[PDB]
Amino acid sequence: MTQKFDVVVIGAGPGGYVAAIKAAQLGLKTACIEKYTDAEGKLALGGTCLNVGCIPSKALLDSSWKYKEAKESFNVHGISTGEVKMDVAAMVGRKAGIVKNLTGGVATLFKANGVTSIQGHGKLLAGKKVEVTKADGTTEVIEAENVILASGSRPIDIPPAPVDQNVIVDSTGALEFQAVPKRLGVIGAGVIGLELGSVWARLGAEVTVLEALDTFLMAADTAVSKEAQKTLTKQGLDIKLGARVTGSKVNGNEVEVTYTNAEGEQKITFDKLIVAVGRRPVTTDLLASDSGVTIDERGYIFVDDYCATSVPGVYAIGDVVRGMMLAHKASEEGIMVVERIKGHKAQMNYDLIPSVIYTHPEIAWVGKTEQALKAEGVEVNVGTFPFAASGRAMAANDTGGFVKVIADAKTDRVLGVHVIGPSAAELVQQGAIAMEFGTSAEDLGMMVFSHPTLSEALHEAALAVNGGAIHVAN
């Protein structure tokens, strides 16, 4: 009595669970396999994003920001408090409650949509056959007409500082500290390192970020990255570029890190060290030798522009394949794939995928950067508006940053929108929507924007493109 499904999804992350639900919505008998469990051995959907990634980081970022603001920015509004203290265990407990509630909601969506969730390790055998390994080493083989490989990724482990889930930890561990470490070191100045570094810095940690690369957020706009580094150094993140870690020595509750930069070989001791150099795609026991699915030199599963593998009916989405390792990317690929299975001539749009960094000020952008377009030989018009001139921002006592719009000098078509400041993610989305309809700098500048709102910064930025802004001289 072999079980049979129309679609089998291996993995329950932003790519996997969305796909499963979407397949069920289209009448496909879907099953979603997942090995990840909560702290009591029970199934936990939502992947990295929900369990040890996106949500958790945002929870601690919001709580840690409310503490920093209460200590320094409350006086200005006339608000006094006594001493302001943070109980880390309770901060982390609030986060756990949020995660537990959200994971339970995905399970609710699965039941309501009719998705059969299976708890175990899934492996793709030959002939779209899937082997599920139960907790007690028992094996069951299930039949699938379509398979969606969505195993995501894991953190990179570096030889000089191997993680030991105690003094040296990865992103997952850095979300579990039960006390603020006096001295915190972070390897990797990327999005993850900066968010995790910001949290503990706000709570009193002496944070040092050792980045081996000579650049800082090179993917972002030169102006946005120059501002982020300046603002983040003020917040207590001692960001050191061109610093390569060569070794570490754990001693009791301390670790002495050894690195090399332009000046020579230095040493620094931390109470806790977070390794966050990047993430590698996961395919551990995911494929049988004769499954027919090819892996690439860097660990990613080969797929075409539609996330289809060599094998008919076998697709691979999210972090385990090429592209930006973002949750919304994975999700959209999941939807694109399911529609393709149902026969739609679907293809998602990779050109307008925004990126968001949840530091404070928030950073986000969509489209091309100014420096990438100078190298591409495109003459552009640049308009910017600082939040220092936004009335809404002044009311909120959060005036740092700006909005930058980039248009083509000949057509006036908006080629990119970049923001660093309050509600940056929302302003960038407004830009993305406009660009989707192929907006010009003029088109946005002619629209009616609410007053007073943070959205106006995008409006003044668009007008400033062609030197027609009202709230900043041209």
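A residue's number is simply how far along the shown sequence it sits, counting from 1.
On average the C-alpha atoms of 439 to 447 have higher B-factors than those of the other stretch, with 32 to 40 and 439 to 447 being the two compared. Comparing the deposited coordinates for 17 to 25 and 462 to 470, the stretch with the larger average C-alpha B-factor is 462 to 470.
In this entry, the residue among 319, 195, 170, 140 with the greatest C-alpha B factor is 140. If you compare the C-alpha temperature factors of 252, 78, 400, 185 in the entry, 252 comes out highest. Compared with the other modelled residues of the chain, the Cα B-factor recorded for residue 216 ranks in the middle third. Ranked by C-alpha B-factor against the other modelled residues of its chain, residue 300 falls in the middle third.
Residue 335: CA B factor in the highest third of modelled residues in this chain (values from the PDB entry). For residue 431, the recorded CA temperature factor ranks within the middle third of the chain's modelled residues.
For residue 204, the recorded CA temperature factor ranks within the lowest third of the chain's modelled residues.
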